[PDB]
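Worksheet: the structure to be examined is printed underneath.
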Amino acid sequence: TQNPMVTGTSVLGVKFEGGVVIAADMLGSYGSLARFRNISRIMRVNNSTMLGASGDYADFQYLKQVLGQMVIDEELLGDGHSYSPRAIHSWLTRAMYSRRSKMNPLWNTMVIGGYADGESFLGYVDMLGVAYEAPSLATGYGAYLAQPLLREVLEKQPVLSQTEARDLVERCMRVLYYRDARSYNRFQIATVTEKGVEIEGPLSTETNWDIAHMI
Amino acid sequence: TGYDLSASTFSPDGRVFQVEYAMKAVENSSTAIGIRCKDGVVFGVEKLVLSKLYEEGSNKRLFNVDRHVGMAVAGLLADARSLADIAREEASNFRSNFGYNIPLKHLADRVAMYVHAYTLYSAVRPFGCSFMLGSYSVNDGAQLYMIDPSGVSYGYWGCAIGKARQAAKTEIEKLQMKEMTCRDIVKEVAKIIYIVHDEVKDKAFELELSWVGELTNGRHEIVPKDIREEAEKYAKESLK
Amino acid sequence: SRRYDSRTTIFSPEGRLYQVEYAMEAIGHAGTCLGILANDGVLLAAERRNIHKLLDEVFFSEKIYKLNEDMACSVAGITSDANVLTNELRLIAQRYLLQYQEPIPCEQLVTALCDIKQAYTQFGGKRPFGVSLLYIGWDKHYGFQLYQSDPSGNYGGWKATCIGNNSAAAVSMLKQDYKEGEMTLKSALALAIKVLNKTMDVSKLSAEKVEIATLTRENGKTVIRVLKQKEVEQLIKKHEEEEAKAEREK
Amino acid sequence: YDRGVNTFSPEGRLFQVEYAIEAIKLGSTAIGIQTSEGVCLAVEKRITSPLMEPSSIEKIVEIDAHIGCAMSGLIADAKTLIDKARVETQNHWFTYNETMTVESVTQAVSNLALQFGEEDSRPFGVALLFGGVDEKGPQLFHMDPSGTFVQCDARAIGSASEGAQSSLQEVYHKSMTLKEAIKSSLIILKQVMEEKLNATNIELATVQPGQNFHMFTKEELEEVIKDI
Amino acid sequence: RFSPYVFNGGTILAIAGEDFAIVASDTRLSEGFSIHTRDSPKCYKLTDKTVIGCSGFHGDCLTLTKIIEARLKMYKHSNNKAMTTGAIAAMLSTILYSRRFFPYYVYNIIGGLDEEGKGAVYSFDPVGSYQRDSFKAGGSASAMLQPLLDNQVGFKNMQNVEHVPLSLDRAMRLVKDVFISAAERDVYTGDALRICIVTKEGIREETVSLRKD
Amino acid sequence: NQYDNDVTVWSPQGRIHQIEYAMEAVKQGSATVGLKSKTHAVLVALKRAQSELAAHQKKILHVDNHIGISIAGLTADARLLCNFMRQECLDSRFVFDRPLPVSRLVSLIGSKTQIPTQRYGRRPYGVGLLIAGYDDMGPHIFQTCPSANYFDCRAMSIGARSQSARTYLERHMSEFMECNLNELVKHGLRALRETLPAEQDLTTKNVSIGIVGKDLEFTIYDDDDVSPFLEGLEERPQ
Amino acid sequence: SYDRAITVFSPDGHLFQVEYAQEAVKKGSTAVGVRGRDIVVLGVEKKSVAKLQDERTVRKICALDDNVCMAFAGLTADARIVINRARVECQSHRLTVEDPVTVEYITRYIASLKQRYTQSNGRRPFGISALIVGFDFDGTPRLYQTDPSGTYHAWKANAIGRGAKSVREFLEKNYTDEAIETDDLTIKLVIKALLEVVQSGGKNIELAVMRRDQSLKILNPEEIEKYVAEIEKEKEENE
Amino acid sequence: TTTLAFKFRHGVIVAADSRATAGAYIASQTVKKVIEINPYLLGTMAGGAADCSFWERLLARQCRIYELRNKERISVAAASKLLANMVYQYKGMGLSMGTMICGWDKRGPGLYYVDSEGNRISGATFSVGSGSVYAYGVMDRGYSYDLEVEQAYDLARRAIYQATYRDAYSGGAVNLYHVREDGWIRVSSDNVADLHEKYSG
Amino acid sequence: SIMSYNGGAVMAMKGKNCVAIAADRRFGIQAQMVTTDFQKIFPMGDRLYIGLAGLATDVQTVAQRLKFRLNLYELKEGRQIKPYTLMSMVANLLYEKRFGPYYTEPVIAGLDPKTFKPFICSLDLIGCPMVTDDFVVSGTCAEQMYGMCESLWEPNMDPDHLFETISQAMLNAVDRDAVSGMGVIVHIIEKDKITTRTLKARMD
């Protein structure tokens with residue numbers, strides 16, 4: 001992709017005790033224009049892993065198609081085996097690097113959350129092929145805005161409950177609504193546990209505008 | 001002789017023997033039956049226990065092509081799972097190009113043209129497999145097709161392939177598959193394959209059943225253990 | 001598929017190979033061509049075969065083919081196989097002229113074609129050509145030259161050779177009447193009408209039954225002249241006048 | 001009547017692999033003996049004519065500085081396998097900056113030995129001995145037209161192969177020295193060849209841990225013969 | 001347009017001893033002006049006698065490590081032994097040159113034991129030239145570490161200074177001190193110091209913290 | 001028999017004879033026995049030699065850290081599938097960074113060897129692969145055959161004189177799913193003394209044992225480390 | 001592409017199409033080559049010319065280089081293409097390593113070209129045998145032969161073609177050391193052998209020597225008339 | 001970087017520095033710029049450090065295969081010609097290579113010069129590098145064909161010292177080899193800081 | 001530019017039952033002559049010529065590719081080539097290099113062989129044929145040659161006045177050009193004979 005036409009924005013993600021939670025908004029921008037306002041930027045991979053993405057949205061529907069077929073064909077083998085979240089994270093890292101080497105990259109940035117075998121997995125995948133793991137991730141301007149709010153909790157408190165993690169995300173989604181020109185007040189929260197993959201509806205933030213009366 | 005070595009030559013009365021010789025190899029595989037109910041398709045395969053050393057669940061003659069499409073094979077097992085690979089791959093190109101799940105009148109059309117393509121040349125042989133394809137959709141209902149090694153496909157209300165073919169489909173038309181749901185079918189599928197294969201030829205054998213329909217919510221999977229134990233409970237009442 | 005393969009390339013247990021010997025068996029029948037030179041000029045005497053009374057008699061020649069601007073060839077054997085070879089070494093001479101800007105020497109044109117002809121006898125599983133053919137021409141290195149090709153792929157320089165049906169009878173008489181470097185291009189013409197008087201079983205030497213083409217060196221021309229049917233028969237009867245004189249007086 | 005080149009027998013082996021095993025029974029005989037002091041390795045030449053130059057033919061040829069070879073059966077197609085072995089030892093030196101071991105040379109050749117067919121045309125009709133000193137000491141290997149190789153201690157290949165192996169099992173023991181292994185081999189070659197033994201009908205080569213691959217020549221060779 | 005490279009920081013360091021080898025690196029992955037993670041070391045254990053370090057573009061560092069580890073198994077299945085230290089450094093010089101006209105943006109130092117049980121340190125350029133050295137620093141703060149080790153390890157520019165061989169105890173505190181100064185002045189120098197020690201026993205590991213600016 | 005020449009030609013009875021002749025090739029090689037417990041997978045081979053001074057031909061090979069195989073047949077086609085076997089394991093480890101499962105490996109072999117059993121002028125692969133490995137589901141014993149038909153099993157034996165080994169495995173396989181590594185091996189070692197003539201059995205230079213284990217990487221034992229396993233067997237009853 | 005194995009093994013371990021090609025060598029005209037210490041002597045016998053026709057196009061002794069001569073026997077169609085392929089490799093060798101091509105190097109190119117050609121698909125093997133004679137660097141005259149299977153092989157004397165073993169048995173009882181004393185003495189060693197072959201009455205013989213510094217030099221039928229005068233005169237006074 | 005080579009009555013003398021820089025930063029001081037192709041050939045390193053290291057190690061592979069086939073060693077002129085042809089196929093793609101080839105031959109001494117552009121010349125004296133022009137002037141003064149061995153050592157040793165004094169990209173230690181009849185023999189390797197005390201007094 | 005690298009000028013002019021062609025003689029590289037006998041008119045059979053002008057490489061290249069294709073034509077067919085037929089042949093040769101084009105502009109002039117009627121045409125560098133009835137010109141000094149020919153041409157001209165018109169058209173125009181000169185050769189053909197003349201021009 002030489003020039004991304006229709007893009008997304010920041011995608012957040014953080015571990016907690018027994019699962020990963022990922023939230024992202026529902027806007028596909030076009031330059032400074034908000035055309036598509038009801039799209040979903042989170043793909044629920046089979047039962048213990050989960051994917052959100054930024055960048056070019058047409059390339060995301062390509063990877064939504066390719067990863068969809070790699071899950072469909074394995075589950076009809078009856079092997080009793082499935083891909084771990086770090087197996088998909090290792091595959092998708094190779095898919096990025098093998099494609100920038102042909103000078104034709106996929107304009108994306110992807111966050112892979114997953115809860116397999118009693119522990120949480122949270123993985124980052126870059127357009128250039130840079131991958132790492134972290135207890136909290138953020139893309140776009142969330143790496144500048146919401147990412148310091150994630151680390152100042154996880155350094156003072158390493159383990160979090162689910163209600164503590166879900167509260168801490170909605171604060172970070174509120175800040176990105178104030179200080180980002182490509183945000184939108186309609187997002188959805190996805191959460192893996194041992195029970196499965198669950199995606200919530202188009203939630204909204206509550207804004208404060210008390211300083212506007214200060215001349 | 002000499003008129004029957006290649007598949008590129010007709011006989012002096014106008015038929016190909018290399019296809020007919022490969023049709024003869026199907027009747028040494030055992031028996032695979034499959035009938036469709038009012039709202040789904042139920043497969044059934046009796047599995048010969050060759051020796052004690054094999055493991056229960058080995059070398060399944062009952063595949064799983066797509067999320068909703070099932071396959072039951074009969075023939076030379078190496079060619080069975082080779083045809084299962086291209087049919088599994090053909091459905092992937094449909095969803096990738098056209099967006100949705102492949103229908104059976106198109107899927108069995110693309111596979112039978114791939115089987116027919118090896119009945120023309122001297123460089124390749126015909127396949128030694130016949131198999132059945134069955135599925136269920138919410139917009140099309142239940143479907144059931146069957147493909148010979150020549151490449152001919154038809155629809156069926158119930159079919160049988162293996163050693164005793166006529167001796168199996170004689171009792172299928174005693175049933176009433178137009179009105180039965182796919183629960184009491186499961187007991188009747190097993191019963192007509194206990195009356196076949198006398199215990200002189202084989203000592204012991206294995207039941208293997210399959211199952212699709214909206215009771216399975218469209219997805220193809222194997223029967224649970226307790227349901228096929230009810231059919232194996234309904235085994236030894238054919239002695240009366 | 002290996003049951004239908006005929007193996008046109010392999011040896012025979014006696015050492016020789018059968019396929020080109022069947023072709024050189026067919027090169028004996030169906031045609032008669034000969035050439036002669038001793039001095040300035042060289043000729044090709046060829047006998048026509050289809051002499052049926054319904055033909056148009058066109059294309060300037062029947063078995064003579066102009067190859068270069070200063071050399072030509074006479075062919076024998078399968079006529080359809082001949083048309084592929086004749087327009088193959090026709091552009092071997094042209095790709096030489098493109099490369100060097102000089103007309104091709106007459107010998108290394110023959111070696112270029114006889115390597116293509118040799119390759120089919122050697123690999124590929126392919127039917128060889130049943131075509132043998134003559135070569136006249138001129139070059140600045142050696143002057144007037146005369147060559148002969150064989151379907152095996154081996155050539156040779158000559159002075160007078162026939163590849164007719166009675167070609168052994170013609171060669172046996174060419175080495176009975178000959179002179180090295182003194183046969184001018186009138187005595188050779190009288191000798192040419194004498195030889196095909198013998199080998200042609202159709203007697204009386206119909207002037208439409210033979211074709212004669214001469215290659216003479218004019219200063220920058222190298223004139224290849226297919227002589228017309230008005231001057232054949234006067235050369236025919238000239239052989240007829242002397243033979244009644246020589247028989248009666250002996 | 002005519003099979004293909006790639007057909008199994010009813011007894012199951014092949015046709016032309018088994019026919020190529022018969023072809024190395026026409027070649028000249030060759031003996032190699034592994035000793036912990038080093039590998040000695042000898043052959044006859046089978047000189048046909050008095051007018052023939054004797055040294056133009058060879059059976060011992062070197063692959064690298066520490067690996068020698070010995071060929072039997074046909075000769076003209078042995079030179080194809082020798083050239084693939086020399087290139088392989090130099091690609092391993094180029095990419096790993098060390099010496100390829102004697103065993104890993106052999107499987108690099110044995111993979112090539114069974115690759116004929118009708119795509120991309122007959123098995124090779126030679127038999128080879130590989131003598132060398134790698135880091136596990138002196139080694140001795142023997143390959144096949146079938147591509148099957150195995151380490152031997154005293155292997156005799158050629159037209160007099162099975163006659164020599166029986167006379168070689170009785171004199172070999174695990175604690176030989178190289179000076180007596182050289183003498184023990186020429187006693188065997190004196191029996192099996194046609195002509196008399198001299199300094200031109202045979203040639204030897206020994207590889208040592210200390211020095212590299214050394215081939216004897218007609219000056220240091222006949223002191224073994226006169227002191228047989 | 002789309003630039004295929006980026007600089008991800010990193011600082012690696014090796015010292016060859018008489019019977020040991022020490023390979024150390026920081027644990028910060030970062031590019032631009034931001035911090036990705038505070039735990040991403042470069043101590044990759046190839047064998048039990050060989051440790052590599054990989055600085056530069058991090059996407060090439062993850063790829064090149066996975067290419068090498070495939071080629072050690074292909075060695076053993078074809079030769080029935082493991083690669084020595086000098087055979088790896090000769091192999092990787094051909095891997096780096098193989099993409100001569102689209103290179104890896106990787107700096108590499110291989111530190112480990114030879115056949116004689118001595119230390120060995122090899123240093124690479126992103127094209128594939130090398131030499132055996134006693135000590136090399138590579139990465140962002142390589143210009144700050146190399147002069148200090150010329151004084152202590154190399155014994156340069158000193159008069160009437162003795163020549164004692166490097167004990168293992170002396171070299172450990174020499175490594176720990178030189179990263180403290182590099183964290184004060186370089187901005188890419190990280191937060192924990194992952195030290196790996198290759199001796200005749202095995203590969204030891206050690207994590208020592210730094211400041212976290 | 002004109003129906004006995006090429007792989008393409010069907011018999012009038014419907015049995016391709018070239019496949020049935022490659023079954024004769026695997027019956028020529030020496031015997032080998034594989035079996036599994038709940039937590040282990042042990043395969044035991046029996047080497048052969050040509051003379052008493054030539055070495056013994058090895059049969060157990062190392063594919064990966066959790067997969068090992070044992071061959072029977074001609075050794076050149078064994079290395080042809082072995083180099084295919086190693087290649088398919090380390091690229092899945094290159095792509096997905098995980099051990100490739102065993103039951104998914106063998107289906108790649110069954111599609112690999114079925115291709116030359118259908119073309120023209122293409123032989124089958126005469127080889128006798130017994131495969132032992134680890135999925136996430138515990139041990140697995142798989143056998144193949146030149147008819148490209150792989151079998152899931154719990155104890156099998158292939159090679160020359162292998163029917164006598166199968167009769168020993170049937171009357172003792174009720175004990176196999178309980179025992180530790182020690183008498184699991186010498187259950188299999190009592191099968192190899194069954195398939196021999198009555199005078200020579202197990203002289204520590206013709207037998208090899210390979211074990212993959214639940215916390216144990218696949219390990220081959222050869223002719224010195226066999227001797228701890230090999231001691232502790234009773235004499236042959238006569 | 002015609003893909004078919006032509007040369008396959010026998011049930012006893014031979015190659016049929018190779019030993020059939022050696023019979024085709026055995027009915028070509030006899031070429032005889034010996035070597036001296038400074039001048040080499042080689043010349044074909046049984047010219048068999050029609051003696052009223054051309055002769056400069058029928059030569060079977062050519063030059064690969066300035067220092068390499070080459071005679072042959074067997075069927076001449078497959079022979080003049082091996083020569084033309086050898087004239088390129090020896091010319092491309094000079095663009096590489098600077099020396100003129102040694103006589104040992106050019107035989108290995110021909111023998112390896114012939115062995116891989118008994119290996120490939122759809123190809124009958126060559127039906128020629130050759131003698132490569134040259135005087136390399138440092139003045140060491142030597143010759144070789146080449147079998148149709150591709151086994152290059154040095155000698156001190158040779159004779160191939162039809163009527164070879166009748167000459168080859170004659171040469172070994174005739175080759176002495178003092179027969180290579182002079183230049184023209186070694187030419188009479190060839191002239192007796194070809195006279196002990198197919199007819200060779202002076203007009204059917206054609207010799208050509210090389211003085212290790214010249215090109216190939218064919219003597220016209222005046223010295224062969226002179227040599228067969230004096231070789232027969234020495235036989236007429238001895239017996 | 002400064003290398004030089006000259007041939008005389010008693011073989012060929014090769015000398016070089018050992019400094020390899022990276023921009024203004026000096027990477028190393030102990031870089032061996034005279035690599036050893038064979039026991040009978042030598043090659044220098046100038047320009048691309050990895051470009052000269054690869055293609056001359058590839059040349060040493062090619063010369064070994066020549067010896068195993070022909071059973072004698074390759075000449076110096078033939079070895080330079082193989083190197084010049086391999087480099088030419090990547091002309092314009094940006095290879096930096098300015099090496100020299102030394103060695104004894106059947107014609108006596110041999111000295112050739114190979115560029116990455118495709119220059120292949122013989123000669124008597126050569127000097128390659130960034131500080132090569134500093135080496136020519138001091139070498140042209142004290143050169144003779146009839147030099148003694150100890151005099152030819154001290155000529156080439158001081159000539160590197162005068163080049164490292166002026167050039168900023170040259171320095172380190174002065175390696176020194178001697179190509180002889182049988183093969184090359186390593187002479188010495190002296191530090192410049194040790195020669196500065198020697199040549200001042 | 002590219003066409004100005006070597007210069008050159010070719011003129012053809014139609015007469016009564018005759019046609020004449022003329023060209024210059026200079027060969028040079030941008031300022032510097034090398035020789036004054038460079039051939040630019042090539043014979044293609046009797047009573048049919050071709051003139052080439054442009055880049056000096058493609059003048060000698062096209063004139064040898066065309067002769068390669070011409071002799072194959074006159075041997076496969078038993079007759080000589082018509083002047084209209086060669087125009088389609090040359091236009092085919094140049095259009096094959098649609099994106100690798102030859103830098104030349106051919107001029108064809110000759111008599112039709114059976115009915116002796118003159119024919120002139122010219123082509124661009126990618127093969128657009130343009131037949132006229134009075135004159136065609138090609139080369140660097142094109143505009144100077146239009147002012148000559150539009151001012152001097154008469155419809156029905158004997159070969160004497162045809163020669164004098166094309167001579168004054170070439171000598172006055174090429175003298176006004178800088179990169180063209182050093183002599184003018186004139187071929188004037190007709191049905192019975194052919195005439196080659198060289199003019200007394202400025203060697204300046």
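FYI, nothing fancy with the structure tokens labels: chains A, B, ... in order, residues from 1 per chain, ligands from 1 as they appear.
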Practice problem: Residues of chain E no more than 9 Å from chain F, counting only C-alpha atoms: send them over as a list in words. | Solution: residues 66, 67, 70, 73, 74 and 77 of chain E
Next, the residues of the selection above should be written as a short mmCIF file (atom, residue, chain, number, x, y, z; two decimals), in the first residue's frame with N, CA, C and O atoms.
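Just written: out-v7.cif:
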data_model
loop_
_atom_site.label_atom_id
_atom_site.label_comp_id
_atom_site.auth_asym_id
_atom_site.auth_seq_id
_atom_site.Cartn_x
_atom_site.Cartn_y
_atom_site.Cartn_z
N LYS E 66 15.96 -15.99 13.60
CA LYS E 66 15.21 -17.17 13.20
C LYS E 66 15.80 -17.85 11.97
O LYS E 66 15.57 -19.04 11.77
N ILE E 67 16.55 -17.12 11.15
CA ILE E 67 17.23 -17.74 10.01
C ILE E 67 18.41 -18.56 10.49
O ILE E 67 18.65 -19.67 10.01
N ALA E 70 17.50 -21.92 12.31
CA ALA E 70 17.17 -22.97 11.37
C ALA E 70 18.44 -23.62 10.81
O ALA E 70 18.46 -24.82 10.55
N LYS E 73 20.29 -26.39 13.00
CA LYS E 73 19.69 -27.71 12.95
C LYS E 73 19.99 -28.41 11.63
O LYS E 73 20.17 -29.63 11.61
N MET E 74 20.07 -27.65 10.54
CA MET E 74 20.44 -28.22 9.26
C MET E 74 21.90 -28.65 9.25
O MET E 74 22.28 -29.55 8.48
N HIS E 77 21.83 -32.19 11.47
CA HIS E 77 21.22 -33.29 10.73
C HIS E 77 22.06 -33.74 9.55
O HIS E 77 21.82 -34.83 9.03
#
Practice problem: Could you give me, as an MDAnalysis selection string, the residues within 7 Å of range 35-52 of chain G, counting only C-alpha atoms and dropping anything in the same chain fewer than 4 positions from it? | Solution: chainID G and resid 29:31 141:142 156:157 180 183 187 194 198 200 204:212
Practice problem: List every residue of range 6-220 of chain C that DSSP, applied to the backbone of this structure, places in helix (DSSP H, G or I), and write the result as an NGL selection string. | Solution: :C and (18-26 or 79-86 or 92-100 or 106-119 or 167-174 or 187-199)
Selection: 8 Å around residue 16 in chain D, only C-alpha atoms, excl. self and same-chain fewer than 4 positions, as a compact mmCIF listing (two decimals) with C-alpha atoms, in the first residue's frame:
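Wrote result.txt, looks like this:
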# COMPACT_ATOMS: atom_id res chain seq x y z
CA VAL D 5 13.77 -47.58 -16.41
CA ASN D 6 11.79 -47.16 -13.22
CA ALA D 20 24.33 -51.93 -12.33
CA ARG D 122 20.39 -44.28 -15.83
CA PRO D 123 22.12 -45.15 -12.55
CA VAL G 8 20.09 -48.47 -20.67
CA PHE G 9 21.80 -51.38 -18.95
Need the shell around residue 170 in chain B: protein/DNA/RNA residues with any atom at most 12 Å away, counting only C-alpha atoms. Skip same-chain ones fewer than 2 positions apart. Format as a PDB file with N, CA, C and O atoms, in the first residue's frame?
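Written out: result19.pdb:
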ATOM      1  N   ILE B  33     -23.219 -45.855   3.694  1.00  0.00           N
ATOM      2  CA  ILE B  33     -24.571 -45.457   3.334  1.00  0.00           C
ATOM      3  C   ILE B  33     -24.809 -44.055   3.862  1.00  0.00           C
ATOM      4  O   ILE B  33     -24.205 -43.626   4.850  1.00  0.00           O
ATOM      5  N   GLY B 158     -31.333 -41.219  -0.778  1.00  0.00           N
ATOM      6  CA  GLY B 158     -30.571 -42.163   0.006  1.00  0.00           C
ATOM      7  C   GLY B 158     -29.762 -43.046  -0.914  1.00  0.00           C
ATOM      8  O   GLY B 158     -30.270 -43.489  -1.946  1.00  0.00           O
ATOM      9  N   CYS B 159     -28.506 -43.308  -0.569  1.00  0.00           N
ATOM     10  CA  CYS B 159     -27.620 -44.049  -1.449  1.00  0.00           C
ATOM     11  C   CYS B 159     -26.739 -44.976  -0.629  1.00  0.00           C
ATOM     12  O   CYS B 159     -26.712 -44.920   0.601  1.00  0.00           O
ATOM     13  N   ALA B 160     -26.004 -45.827  -1.334  1.00  0.00           N
ATOM     14  CA  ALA B 160     -25.166 -46.830  -0.701  1.00  0.00           C
ATOM     15  C   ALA B 160     -24.026 -47.179  -1.638  1.00  0.00           C
ATOM     16  O   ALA B 160     -24.240 -47.374  -2.835  1.00  0.00           O
ATOM     17  N   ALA B 164     -21.756 -54.589  -0.461  1.00  0.00           N
ATOM     18  CA  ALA B 164     -23.159 -54.930  -0.648  1.00  0.00           C
ATOM     19  C   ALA B 164     -23.906 -53.628  -0.891  1.00  0.00           C
ATOM     20  O   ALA B 164     -24.317 -52.937   0.038  1.00  0.00           O
ATOM     21  N   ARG B 165     -24.072 -53.297  -2.164  1.00  0.00           N
ATOM     22  CA  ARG B 165     -24.734 -52.066  -2.558  1.00  0.00           C
ATOM     23  C   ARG B 165     -26.229 -52.266  -2.748  1.00  0.00           C
ATOM     24  O   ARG B 165     -27.031 -51.538  -2.159  1.00  0.00           O
ATOM     25  N   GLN B 166     -26.617 -53.246  -3.567  1.00  0.00           N
ATOM     26  CA  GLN B 166     -28.034 -53.537  -3.744  1.00  0.00           C
ATOM     27  C   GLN B 166     -28.633 -54.134  -2.485  1.00  0.00           C
ATOM     28  O   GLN B 166     -29.783 -53.838  -2.145  1.00  0.00           O
ATOM     29  N   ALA B 167     -27.859 -54.939  -1.763  1.00  0.00           N
ATOM     30  CA  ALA B 167     -28.320 -55.523  -0.514  1.00  0.00           C
ATOM     31  C   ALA B 167     -28.458 -54.505   0.606  1.00  0.00           C
ATOM     32  O   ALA B 167     -29.004 -54.846   1.657  1.00  0.00           O
ATOM     33  N   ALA B 168     -27.953 -53.287   0.425  1.00  0.00           N
ATOM     34  CA  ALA B 168     -28.150 -52.205   1.376  1.00  0.00           C
ATOM     35  C   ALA B 168     -29.304 -51.301   0.978  1.00  0.00           C
ATOM     36  O   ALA B 168     -30.140 -50.954   1.815  1.00  0.00           O
ATOM     37  N   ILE B 172     -33.351 -49.515   2.313  1.00  0.00           N
ATOM     38  CA  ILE B 172     -33.461 -48.070   2.469  1.00  0.00           C
ATOM     39  C   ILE B 172     -34.831 -47.596   2.013  1.00  0.00           C
ATOM     40  O   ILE B 172     -35.479 -46.786   2.686  1.00  0.00           O
ATOM     41  N   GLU B 173     -35.330 -48.150   0.910  1.00  0.00           N
ATOM     42  CA  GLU B 173     -36.653 -47.791   0.419  1.00  0.00           C
ATOM     43  C   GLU B 173     -37.788 -48.359   1.264  1.00  0.00           C
ATOM     44  O   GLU B 173     -38.948 -48.027   1.004  1.00  0.00           O
ATOM     45  N   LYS B 174     -37.497 -49.199   2.261  1.00  0.00           N
ATOM     46  CA  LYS B 174     -38.497 -49.524   3.271  1.00  0.00           C
ATOM     47  C   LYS B 174     -38.748 -48.366   4.225  1.00  0.00           C
ATOM     48  O   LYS B 174     -39.809 -48.317   4.855  1.00  0.00           O
ATOM     49  N   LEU B 175     -37.805 -47.437   4.347  1.00  0.00           N
ATOM     50  CA  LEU B 175     -37.974 -46.312   5.252  1.00  0.00           C
ATOM     51  C   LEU B 175     -38.871 -45.252   4.625  1.00  0.00           C
ATOM     52  O   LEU B 175     -39.345 -45.379   3.494  1.00  0.00           O
ATOM     53  N   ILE B 192     -29.905 -50.805   9.463  1.00  0.00           N
ATOM     54  CA  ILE B 192     -29.794 -51.422   8.152  1.00  0.00           C
ATOM     55  C   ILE B 192     -28.347 -51.794   7.829  1.00  0.00           C
ATOM     56  O   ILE B 192     -28.109 -52.496   6.841  1.00  0.00           O
ATOM     57  N   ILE B 193     -27.369 -51.356   8.620  1.00  0.00           N
ATOM     58  CA  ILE B 193     -26.004 -51.820   8.451  1.00  0.00           C
ATOM     59  C   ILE B 193     -25.574 -52.754   9.588  1.00  0.00           C
ATOM     60  O   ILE B 193     -24.381 -52.994   9.769  1.00  0.00           O
ATOM     61  N   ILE B 195     -27.729 -55.633   9.634  1.00  0.00           N
ATOM     62  CA  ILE B 195     -28.266 -56.804   8.955  1.00  0.00           C
ATOM     63  C   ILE B 195     -27.370 -57.246   7.812  1.00  0.00           C
ATOM     64  O   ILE B 195     -27.472 -58.387   7.350  1.00  0.00           O
ATOM     65  N   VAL B 196     -26.498 -56.362   7.339  1.00  0.00           N
ATOM     66  CA  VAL B 196     -25.530 -56.674   6.298  1.00  0.00           C
ATOM     67  C   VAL B 196     -24.246 -57.153   6.981  1.00  0.00           C
ATOM     68  O   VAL B 196     -24.098 -57.001   8.199  1.00  0.00           O
TER      69      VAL B 196
END
Exercise. Can you check which residues of chain D have any atom within 10 Å of chain E? Use only C-alpha atoms and format it as a list in words.
Key: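 Listing them in order of chain and number gives residues 92, 93, 94, 95, 96, 97, 98, 100, 101, 102, 103, 104, 105, 107 and 108 of chain D.
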Exercise. Can you list, as a ChimeraX atom specification, all residues belonging to chain A that DSSP tags as strand (DSSP E)?
Key: /A:11-16,19-25,28-30,33-36,42-43,49-55,108-116,119-125,131-133,136-138,187-192,197-199
